[PDB]
>>> print(open('input27.cif').read())   # mmCIF, C-alpha atoms
data_my_file
#
loop_
_atom_site.label_atom_id
_atom_site.label_comp_id
_atom_site.auth_asym_id
_atom_site.auth_seq_id
_atom_site.Cartn_x
_atom_site.Cartn_y
_atom_site.Cartn_z
CA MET A 1 -18.76 12.01 -4.56
CA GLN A 2 -20.80 9.32 -6.31
CA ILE A 3 -22.80 6.39 -4.98
CA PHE A 4 -25.18 3.99 -6.70
CA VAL A 5 -28.71 2.91 -5.79
CA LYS A 6 -29.78 -0.37 -7.40
CA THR A 7 -33.51 -1.09 -7.49
CA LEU A 8 -34.85 -4.63 -7.44
CA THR A 9 -36.05 -4.19 -11.04
CA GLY A 10 -32.40 -4.03 -12.16
CA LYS A 11 -32.38 -0.25 -12.62
CA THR A 12 -29.32 1.60 -11.32
CA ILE A 13 -29.63 5.17 -10.03
CA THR A 14 -26.54 7.36 -9.70
CA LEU A 15 -26.43 10.08 -7.06
CA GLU A 16 -24.07 12.89 -6.12
CA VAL A 17 -23.67 12.89 -2.34
CA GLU A 18 -21.41 14.09 0.46
CA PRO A 19 -20.27 11.74 3.26
CA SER A 20 -22.13 14.04 5.67
CA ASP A 21 -25.41 13.74 3.76
CA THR A 22 -28.07 11.92 5.75
CA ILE A 23 -30.25 9.08 4.53
CA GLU A 24 -33.08 11.60 4.40
CA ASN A 25 -31.08 13.69 1.92
CA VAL A 26 -30.31 10.57 -0.11
CA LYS A 27 -34.02 9.80 -0.30
CA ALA A 28 -34.65 13.39 -1.39
CA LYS A 29 -32.06 13.05 -4.15
CA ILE A 30 -33.73 9.83 -5.32
CA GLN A 31 -37.04 11.71 -5.30
CA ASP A 32 -35.70 14.44 -7.59
CA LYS A 33 -34.24 12.02 -10.12
CA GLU A 34 -37.00 9.40 -10.07
CA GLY A 35 -40.11 10.97 -8.51
CA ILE A 36 -40.45 8.33 -5.78
CA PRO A 37 -41.64 9.80 -2.46
CA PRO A 38 -39.19 9.31 0.42
CA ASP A 39 -41.81 7.50 2.50
CA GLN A 40 -41.93 4.80 -0.19
CA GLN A 41 -38.16 4.22 -0.08
CA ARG A 42 -36.24 1.75 2.07
CA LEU A 43 -32.47 1.59 1.56
CA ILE A 44 -30.31 -1.42 2.41
CA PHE A 45 -26.53 -1.48 2.71
CA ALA A 46 -24.29 -4.07 4.39
CA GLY A 47 -27.24 -6.15 5.57
CA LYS A 48 -28.77 -3.18 7.37
CA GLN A 49 -31.83 -0.97 6.94
CA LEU A 50 -30.60 2.62 6.84
CA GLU A 51 -32.13 5.13 9.26
CA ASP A 52 -33.20 8.54 7.98
CA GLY A 53 -31.20 10.42 10.60
CA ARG A 54 -27.73 8.94 10.28
CA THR A 55 -25.24 10.04 7.63
CA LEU A 56 -23.48 8.06 4.93
CA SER A 57 -20.19 8.07 6.85
CA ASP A 58 -22.10 6.72 9.86
CA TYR A 59 -22.68 3.57 7.78
CA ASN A 60 -19.15 3.63 6.29
CA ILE A 61 -20.62 4.32 2.85
CA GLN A 62 -17.74 5.46 0.65
CA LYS A 63 -17.57 6.44 -3.00
CA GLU A 64 -18.80 4.00 -5.65
CA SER A 65 -20.75 2.12 -2.97
CA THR A 66 -23.98 0.46 -4.06
CA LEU A 67 -27.19 0.75 -2.05
CA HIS A 68 -30.33 -1.31 -2.64
CA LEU A 69 -33.74 0.35 -2.84
CA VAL A 70 -37.07 -1.20 -1.85
CA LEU A 71 -40.21 0.39 -3.30
CA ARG A 72 -43.95 0.31 -2.77
CA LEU A 73 -45.79 -2.01 -5.17
CA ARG A 74 -49.47 -1.20 -5.65
CA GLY A 75 -50.00 -4.30 -7.78
CA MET B 1 34.24 6.61 6.19
CA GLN B 2 32.03 7.09 3.13
CA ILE B 3 29.38 4.69 1.85
CA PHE B 4 27.02 4.80 -1.12
CA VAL B 5 23.27 4.12 -1.23
CA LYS B 6 21.72 3.03 -4.52
CA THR B 7 18.05 3.95 -4.87
CA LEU B 8 15.39 2.19 -6.92
CA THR B 9 15.81 4.55 -9.89
CA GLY B 10 19.62 4.38 -9.90
CA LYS B 11 20.52 7.48 -7.90
CA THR B 12 23.40 7.36 -5.42
CA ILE B 13 23.24 8.94 -1.98
CA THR B 14 26.58 9.68 -0.33
CA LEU B 15 26.86 9.39 3.44
CA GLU B 16 29.62 9.93 5.98
CA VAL B 17 29.35 7.11 8.51
CA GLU B 18 31.34 5.12 11.07
CA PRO B 19 31.58 1.33 11.46
CA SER B 20 29.81 1.84 14.78
CA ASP B 21 26.74 3.68 13.46
CA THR B 22 23.51 1.69 13.52
CA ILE B 23 21.05 1.23 10.67
CA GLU B 24 18.90 3.79 12.51
CA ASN B 25 21.61 6.45 12.24
CA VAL B 26 22.08 5.63 8.56
CA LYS B 27 18.38 6.09 7.85
CA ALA B 28 18.39 9.30 9.90
CA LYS B 29 21.30 10.56 7.79
CA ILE B 30 19.37 9.62 4.64
CA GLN B 31 16.48 11.66 6.05
CA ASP B 32 18.68 14.70 6.68
CA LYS B 33 20.10 14.48 3.16
CA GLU B 34 17.11 13.33 1.09
CA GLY B 35 14.09 14.21 3.25
CA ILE B 36 12.86 10.60 3.31
CA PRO B 37 11.26 9.50 6.61
CA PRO B 38 13.15 6.57 8.14
CA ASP B 39 9.96 4.52 8.53
CA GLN B 40 9.63 4.43 4.73
CA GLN B 41 13.18 3.10 4.28
CA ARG B 42 14.36 -0.47 3.73
CA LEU B 43 18.14 -0.91 3.44
CA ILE B 44 19.51 -4.04 1.76
CA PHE B 45 23.11 -5.24 1.83
CA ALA B 46 24.50 -8.50 0.43
CA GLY B 47 20.93 -9.60 -0.24
CA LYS B 48 19.54 -9.16 3.27
CA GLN B 49 17.41 -6.45 4.82
CA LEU B 50 19.28 -4.63 7.57
CA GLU B 51 17.84 -4.31 11.06
CA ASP B 52 17.66 -0.88 12.68
CA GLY B 53 19.61 -1.88 15.79
CA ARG B 54 22.63 -3.59 14.27
CA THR B 55 25.70 -1.69 13.09
CA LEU B 56 27.53 -1.41 9.79
CA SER B 57 30.30 -3.34 11.56
CA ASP B 58 27.82 -6.12 12.35
CA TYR B 59 27.03 -6.45 8.65
CA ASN B 60 30.64 -6.22 7.40
CA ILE B 61 29.79 -2.91 5.71
CA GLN B 62 33.15 -1.33 4.99
CA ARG B 63 34.42 1.91 3.48
CA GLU B 64 32.93 2.71 0.06
CA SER B 65 30.48 -0.19 0.24
CA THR B 66 27.13 0.21 -1.51
CA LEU B 67 23.81 -0.23 0.29
CA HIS B 68 20.52 -0.54 -1.57
CA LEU B 69 17.49 1.56 -0.61
CA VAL B 70 13.94 0.36 -1.32
CA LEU B 71 11.05 2.39 0.04
CA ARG B 72 7.88 0.80 1.37
CA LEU B 73 4.50 1.12 -0.28
CA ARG B 74 2.18 3.82 1.04
CA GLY B 75 -0.39 1.19 1.96
CA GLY B 76 1.11 -2.24 2.47
CA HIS C 111 63.88 3.85 0.15
CA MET C 112 61.28 1.91 2.11
CA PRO C 113 58.79 1.24 -0.74
CA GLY C 114 61.72 -0.44 -2.52
CA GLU C 115 62.24 -3.22 0.01
CA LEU C 116 58.52 -3.18 0.87
CA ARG C 117 57.77 -3.47 -2.85
CA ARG C 118 58.69 -7.14 -3.21
CA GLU C 119 56.55 -8.08 -0.22
CA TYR C 120 53.47 -5.97 -0.99
CA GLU C 121 53.35 -5.13 -4.70
CA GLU C 122 51.46 -8.23 -5.83
CA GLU C 123 48.84 -7.86 -3.10
CA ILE C 124 48.36 -4.16 -3.88
CA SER C 125 48.39 -4.54 -7.67
CA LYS C 126 45.41 -6.91 -7.36
CA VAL C 127 43.30 -4.98 -4.82
CA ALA C 128 41.22 -3.02 -7.34
CA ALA C 129 40.13 -6.26 -9.01
CA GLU C 130 39.40 -7.96 -5.68
CA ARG C 131 37.26 -4.99 -4.64
CA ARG C 132 35.29 -4.96 -7.89
CA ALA C 133 34.59 -8.68 -7.51
CA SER C 134 33.11 -8.28 -4.04
CA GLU C 135 31.21 -5.15 -5.11
CA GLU C 136 29.66 -7.04 -8.03
CA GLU C 137 28.85 -10.06 -5.88
CA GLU C 138 27.13 -7.86 -3.31
CA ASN C 139 25.21 -6.06 -6.03
CA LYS C 140 24.12 -9.33 -7.63
CA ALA C 141 22.80 -10.82 -4.38
CA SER C 142 20.95 -7.64 -3.41
CA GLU C 143 19.34 -7.04 -6.80
CA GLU C 144 18.17 -10.65 -6.97
CA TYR C 145 16.64 -10.34 -3.50
CA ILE C 146 15.14 -6.94 -4.30
CA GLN C 147 13.62 -8.34 -7.50
CA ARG C 148 11.89 -11.05 -5.46
CA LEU C 149 10.86 -8.40 -2.93
CA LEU C 150 9.21 -6.07 -5.43
CA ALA C 151 7.50 -8.89 -7.33
CA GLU C 152 6.19 -10.64 -4.22
CA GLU C 153 5.03 -7.33 -2.72
CA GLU C 154 3.26 -6.23 -5.91
CA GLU C 155 1.52 -9.58 -6.42
CA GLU C 156 0.27 -9.84 -2.84
CA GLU C 157 -1.06 -6.28 -2.99
CA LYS C 158 -2.96 -7.26 -6.13
CA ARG C 159 -4.34 -10.36 -4.40
CA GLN C 160 -5.51 -8.32 -1.41
CA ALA C 161 -7.29 -5.78 -3.62
CA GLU C 162 -9.00 -8.65 -5.41
CA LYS C 163 -10.13 -10.14 -2.11
CA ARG C 164 -11.72 -6.80 -1.24
CA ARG C 165 -13.40 -6.66 -4.66
CA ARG C 166 -15.03 -10.05 -4.23
CA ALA C 167 -15.97 -9.25 -0.62
CA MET C 168 -17.80 -6.15 -1.83
CA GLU C 169 -19.55 -8.19 -4.53
CA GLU C 170 -20.50 -10.83 -1.97
CA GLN C 171 -21.95 -7.98 0.08
CA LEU C 172 -24.06 -6.62 -2.78
CA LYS C 173 -25.52 -10.07 -3.45
CA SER C 174 -26.54 -10.45 0.19
CA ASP C 175 -27.91 -6.89 0.25
CA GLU C 176 -29.98 -7.68 -2.84
CA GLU C 177 -31.47 -10.83 -1.33
CA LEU C 178 -32.20 -8.98 1.92
CA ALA C 179 -33.90 -6.26 -0.12
CA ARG C 180 -35.90 -8.91 -1.95
CA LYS C 181 -37.11 -10.43 1.33
CA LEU C 182 -37.93 -7.04 2.84
CA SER C 183 -39.76 -6.07 -0.34
CA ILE C 184 -42.04 -9.11 -0.17
CA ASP C 185 -42.64 -8.75 3.57
CA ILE C 186 -43.46 -5.05 3.67
CA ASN C 187 -45.60 -5.17 0.51
CA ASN C 188 -47.64 -8.14 1.74
CA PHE C 189 -48.36 -6.18 4.92
CA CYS C 190 -49.68 -3.00 3.29
CA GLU C 191 -51.66 -4.72 0.50
#
>>> encode(input="input27.cif", output="structure tokens")
Amino acid sequence: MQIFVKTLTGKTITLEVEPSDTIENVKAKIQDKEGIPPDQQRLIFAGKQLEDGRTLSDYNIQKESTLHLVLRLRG
Amino acid sequence: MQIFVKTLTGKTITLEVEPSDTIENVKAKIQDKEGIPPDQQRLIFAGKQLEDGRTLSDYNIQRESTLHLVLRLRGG
Amino acid sequence: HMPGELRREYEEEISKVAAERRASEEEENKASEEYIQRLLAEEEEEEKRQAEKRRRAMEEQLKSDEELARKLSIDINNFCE
């Protein structure tokens, strides 16, 4: 299935995921597409900070859902 | 006695019933004949929805009368 | 023959039955189809309204997520400066 990851810069990343994929896998898929290391990623959905261990279904993340990504800013 | 059931697309189901049979029995007969689960079925006569526990006799449903079948949405 | 004496008493009632039946059949059909029409239209509209509530509730959730992300971004970047 598909989900979306919107960065604070406006950019929208599209990912192919399974409901059993963990947040660690999601960060790995964002790393492949955008080169951002998973340590420098924090994902927010439904007013919550997602934990690397739990899966997408754990957070009731269904298809076409939109996650928000927080990055590291070495200004 | 025989009654007729008009469906939403115009089809007619034919049922053998008795004035004593309840709306439950009618829906069960519709299931046996058309494979439609009774919980999906809404039967309308004379402009009112018919309640599972009342009889055809209670609703003045006589021989060769026509009931109207409207299924429920899948969700909703 | 019995239908001959019974004729005068019953023939007018019986010669009009088929019309009396068709009248009641049509009146039943007209009341049910009018009710059904209201049923389908009311059901379809309310289902559309519910789906549009869920749409706006999801959008309200993305806006709050975004502002939470924007606060977390400022907090965690100020810390590790």
>>> closest_atom_pairs(input="input27.cif", of="chain C", to="chain B", cutoff="6 Å", atoms="all atoms listed in the file", output="Markdown table")
| residue | atom | partner | partner_atom | distance |
| --- | --- | --- | --- | --- |
| C:138 | CA | B:46 | CA | 4.6 |
| C:141 | CA | B:47 | CA | 4.7 |
| C:142 | CA | B:47 | CA | 3.7 |
| C:145 | CA | B:47 | CA | 5.4 |
>>> residues_around(input="input27.cif", residues="stretch 62-65 of chain A", least_positions_apart="3", cutoff="8 Å", atoms="all atoms listed in the file", output="list in words")
residues 1, 2, 3, 4, 19, 56 and 57 of chain A
>>> axis_aligned_box(input="input27.cif", around="stretch 37-55 of chain A", padding_each_side="8 Å", output="lines of an AutoDock Vina configuration file")
center_x = -33.1
center_y = 2.1
center_z = 4.1
size_x = 33.6
size_y = 32.6
size_z = 29.1
>>> atom_distance(input="input27.cif", atom1="atom CA of residue C:150", atom2="atom CA of residue B:38")
19.0 Å
>>> atom_distance(input="input27.cif", atom1="atom CA of residue B:25", atom2="atom CA of residue B:62")
15.7 Å
>>> interface_residues(input="input27.cif", of="chain A", to="chain C", cutoff="7 Å", atoms="all atoms listed in the file", output="PyMOL selection string")
chain A and resi 44-47+68+70+72-73
>>> atom_distance(input="input27.cif", atom1="atom CA of residue A:61", atom2="atom CA of residue A:27")
14.8 Å
>>> resolve_selection(input="input27.cif", expression="the PyMOL selection byres ((chain B and resi 63) around 12)", output="PyMOL selection string")
(chain B and resi 1-4+14-19+56-57+60-62+64-67) or (chain C and resi 131+135)
>>> write_last_selection(input="input27.cif", atoms="C-alpha atoms", output="short mmCIF file (atom, residue, chain, number, x, y, z; two decimals), in the coordinates of the input")
data_model
loop_
_atom_site.label_atom_id
_atom_site.label_comp_id
_atom_site.auth_asym_id
_atom_site.auth_seq_id
_atom_site.Cartn_x
_atom_site.Cartn_y
_atom_site.Cartn_z
CA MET B 1 34.24 6.61 6.19
CA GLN B 2 32.03 7.09 3.13
CA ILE B 3 29.38 4.69 1.85
CA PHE B 4 27.02 4.80 -1.12
CA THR B 14 26.58 9.68 -0.33
CA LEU B 15 26.86 9.39 3.44
CA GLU B 16 29.62 9.93 5.98
CA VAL B 17 29.35 7.11 8.51
CA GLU B 18 31.34 5.12 11.07
CA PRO B 19 31.58 1.33 11.46
CA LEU B 56 27.53 -1.41 9.79
CA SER B 57 30.30 -3.34 11.56
CA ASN B 60 30.64 -6.22 7.40
CA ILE B 61 29.79 -2.91 5.71
CA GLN B 62 33.15 -1.33 4.99
CA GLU B 64 32.93 2.71 0.06
CA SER B 65 30.48 -0.19 0.24
CA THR B 66 27.13 0.21 -1.51
CA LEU B 67 23.81 -0.23 0.29
CA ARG C 131 37.26 -4.99 -4.64
CA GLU C 135 31.21 -5.15 -5.11
#
>>> resolve_selection(input="input27.cif", expression="the PyMOL selection byres ((chain A and resi 33) around 12)", output="list in words")
residues 5, 12, 13, 14, 15, 16, 26, 27, 28, 29, 30, 31, 32, 34, 35, 36, 37 and 38 of chain A
>>> closest_residue(input="input27.cif", among="B:32, B:53, B:43, B:37", to="residue B:7", atoms="only C-alpha atoms")
B:43
>>> closest_residue(input="input27.cif", among="B:41, B:55, B:12, B:5", to="residue B:27", atoms="all atoms listed in the file")
B:41
>>> resolve_selection(input="input27.cif", expression="the PyMOL selection byres ((chain A and resi 42) around 7)", output="PDB file with C-alpha atoms, in the frame of the given file")
ATOM      1  CA  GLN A  40     -41.930   4.800  -0.190  1.00  0.00           C
ATOM      2  CA  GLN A  41     -38.160   4.220  -0.080  1.00  0.00           C
ATOM      3  CA  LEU A  43     -32.470   1.590   1.560  1.00  0.00           C
ATOM      4  CA  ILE A  44     -30.310  -1.420   2.410  1.00  0.00           C
ATOM      5  CA  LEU A  69     -33.740   0.350  -2.840  1.00  0.00           C
ATOM      6  CA  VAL A  70     -37.070  -1.200  -1.850  1.00  0.00           C
ATOM      7  CA  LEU A  71     -40.210   0.390  -3.300  1.00  0.00           C
TER       8      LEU A  71
END
>>> decode(input="input27.cif", residues="stretch 32-53 of chain B", atoms="N, CA, C and O atoms", output="PDB file, in the first residue's frame")
ATOM      1  N   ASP B  32     -33.767 -18.579   1.162  1.00  0.00           N
ATOM      2  CA  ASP B  32     -33.754 -19.896   0.530  1.00  0.00           C
ATOM      3  C   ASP B  32     -33.898 -19.807  -0.980  1.00  0.00           C
ATOM      4  O   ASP B  32     -33.347 -20.642  -1.705  1.00  0.00           O
ATOM      5  N   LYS B  33     -34.628 -18.812  -1.474  1.00  0.00           N
ATOM      6  CA  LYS B  33     -34.884 -18.714  -2.904  1.00  0.00           C
ATOM      7  C   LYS B  33     -33.857 -17.849  -3.624  1.00  0.00           C
ATOM      8  O   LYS B  33     -33.467 -18.165  -4.749  1.00  0.00           O
ATOM      9  N   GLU B  34     -33.389 -16.772  -2.999  1.00  0.00           N
ATOM     10  CA  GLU B  34     -32.487 -15.849  -3.667  1.00  0.00           C
ATOM     11  C   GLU B  34     -31.099 -15.776  -3.051  1.00  0.00           C
ATOM     12  O   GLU B  34     -30.246 -15.062  -3.588  1.00  0.00           O
ATOM     13  N   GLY B  35     -30.846 -16.472  -1.945  1.00  0.00           N
ATOM     14  CA  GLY B  35     -29.530 -16.457  -1.335  1.00  0.00           C
ATOM     15  C   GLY B  35     -29.170 -15.182  -0.607  1.00  0.00           C
ATOM     16  O   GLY B  35     -27.996 -14.966  -0.297  1.00  0.00           O
ATOM     17  N   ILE B  36     -30.146 -14.332  -0.316  1.00  0.00           N
ATOM     18  CA  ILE B  36     -29.899 -13.031   0.292  1.00  0.00           C
ATOM     19  C   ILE B  36     -30.040 -13.180   1.802  1.00  0.00           C
ATOM     20  O   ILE B  36     -31.085 -13.661   2.268  1.00  0.00           O
ATOM     21  N   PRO B  37     -29.029 -12.821   2.588  1.00  0.00           N
ATOM     22  CA  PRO B  37     -29.128 -12.937   4.045  1.00  0.00           C
ATOM     23  C   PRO B  37     -30.246 -12.066   4.585  1.00  0.00           C
ATOM     24  O   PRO B  37     -30.412 -10.916   4.151  1.00  0.00           O
ATOM     25  N   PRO B  38     -31.036 -12.574   5.530  1.00  0.00           N
ATOM     26  CA  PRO B  38     -32.156 -11.773   6.041  1.00  0.00           C
ATOM     27  C   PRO B  38     -31.730 -10.455   6.656  1.00  0.00           C
ATOM     28  O   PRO B  38     -32.502  -9.492   6.605  1.00  0.00           O
ATOM     29  N   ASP B  39     -30.524 -10.369   7.221  1.00  0.00           N
ATOM     30  CA  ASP B  39     -30.120  -9.125   7.864  1.00  0.00           C
ATOM     31  C   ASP B  39     -29.881  -8.009   6.856  1.00  0.00           C
ATOM     32  O   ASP B  39     -29.871  -6.836   7.236  1.00  0.00           O
ATOM     33  N   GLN B  40     -29.707  -8.345   5.580  1.00  0.00           N
ATOM     34  CA  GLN B  40     -29.588  -7.336   4.541  1.00  0.00           C
ATOM     35  C   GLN B  40     -30.933  -6.815   4.054  1.00  0.00           C
ATOM     36  O   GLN B  40     -30.958  -5.807   3.346  1.00  0.00           O
ATOM     37  N   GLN B  41     -32.039  -7.450   4.436  1.00  0.00           N
ATOM     38  CA  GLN B  41     -33.328  -7.253   3.789  1.00  0.00           C
ATOM     39  C   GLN B  41     -34.195  -6.256   4.539  1.00  0.00           C
ATOM     40  O   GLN B  41     -34.343  -6.344   5.761  1.00  0.00           O
ATOM     41  N   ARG B  42     -34.796  -5.333   3.795  1.00  0.00           N
ATOM     42  CA  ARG B  42     -35.826  -4.436   4.299  1.00  0.00           C
ATOM     43  C   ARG B  42     -37.059  -4.595   3.426  1.00  0.00           C
ATOM     44  O   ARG B  42     -36.997  -4.364   2.217  1.00  0.00           O
ATOM     45  N   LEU B  43     -38.168  -5.004   4.033  1.00  0.00           N
ATOM     46  CA  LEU B  43     -39.420  -5.241   3.323  1.00  0.00           C
ATOM     47  C   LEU B  43     -40.392  -4.105   3.599  1.00  0.00           C
ATOM     48  O   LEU B  43     -40.627  -3.748   4.757  1.00  0.00           O
ATOM     49  N   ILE B  44     -40.957  -3.544   2.533  1.00  0.00           N
ATOM     50  CA  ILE B  44     -41.826  -2.379   2.606  1.00  0.00           C
ATOM     51  C   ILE B  44     -43.173  -2.758   2.021  1.00  0.00           C
ATOM     52  O   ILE B  44     -43.239  -3.323   0.925  1.00  0.00           O
ATOM     53  N   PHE B  45     -44.242  -2.457   2.751  1.00  0.00           N
ATOM     54  CA  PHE B  45     -45.595  -2.647   2.260  1.00  0.00           C
ATOM     55  C   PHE B  45     -46.427  -1.430   2.621  1.00  0.00           C
ATOM     56  O   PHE B  45     -46.334  -0.915   3.735  1.00  0.00           O
ATOM     57  N   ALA B  46     -47.222  -0.962   1.659  1.00  0.00           N
ATOM     58  CA  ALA B  46     -48.095   0.199   1.838  1.00  0.00           C
ATOM     59  C   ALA B  46     -47.331   1.393   2.408  1.00  0.00           C
ATOM     60  O   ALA B  46     -47.886   2.218   3.135  1.00  0.00           O
ATOM     61  N   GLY B  47     -46.048   1.489   2.083  1.00  0.00           N
ATOM     62  CA  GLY B  47     -45.254   2.636   2.449  1.00  0.00           C
ATOM     63  C   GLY B  47     -44.610   2.574   3.812  1.00  0.00           C
ATOM     64  O   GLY B  47     -44.059   3.584   4.258  1.00  0.00           O
ATOM     65  N   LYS B  48     -44.660   1.433   4.488  1.00  0.00           N
ATOM     66  CA  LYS B  48     -44.055   1.269   5.798  1.00  0.00           C
ATOM     67  C   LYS B  48     -43.090   0.097   5.769  1.00  0.00           C
ATOM     68  O   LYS B  48     -43.317  -0.892   5.071  1.00  0.00           O
ATOM     69  N   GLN B  49     -42.007   0.214   6.529  1.00  0.00           N
ATOM     70  CA  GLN B  49     -41.122  -0.923   6.723  1.00  0.00           C
ATOM     71  C   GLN B  49     -41.755  -1.913   7.689  1.00  0.00           C
ATOM     72  O   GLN B  49     -42.359  -1.531   8.693  1.00  0.00           O
ATOM     73  N   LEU B  50     -41.612  -3.192   7.377  1.00  0.00           N
ATOM     74  CA  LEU B  50     -42.278  -4.248   8.118  1.00  0.00           C
ATOM     75  C   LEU B  50     -41.345  -4.827   9.167  1.00  0.00           C
ATOM     76  O   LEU B  50     -40.170  -5.082   8.896  1.00  0.00           O
ATOM     77  N   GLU B  51     -41.880  -5.046  10.362  1.00  0.00           N
ATOM     78  CA  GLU B  51     -41.081  -5.495  11.490  1.00  0.00           C
ATOM     79  C   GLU B  51     -41.057  -7.016  11.569  1.00  0.00           C
ATOM     80  O   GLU B  51     -42.079  -7.676  11.386  1.00  0.00           O
ATOM     81  N   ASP B  52     -39.875  -7.558  11.870  1.00  0.00           N
ATOM     82  CA  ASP B  52     -39.626  -8.994  11.771  1.00  0.00           C
ATOM     83  C   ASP B  52     -40.633  -9.840  12.542  1.00  0.00           C
ATOM     84  O   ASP B  52     -40.868 -10.998  12.181  1.00  0.00           O
ATOM     85  N   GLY B  53     -41.223  -9.303  13.605  1.00  0.00           N
ATOM     86  CA  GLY B  53     -42.027 -10.125  14.492  1.00  0.00           C
ATOM     87  C   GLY B  53     -43.516 -10.122  14.221  1.00  0.00           C
ATOM     88  O   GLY B  53     -44.245 -10.977  14.727  1.00  0.00           O
TER      89      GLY B  53
END
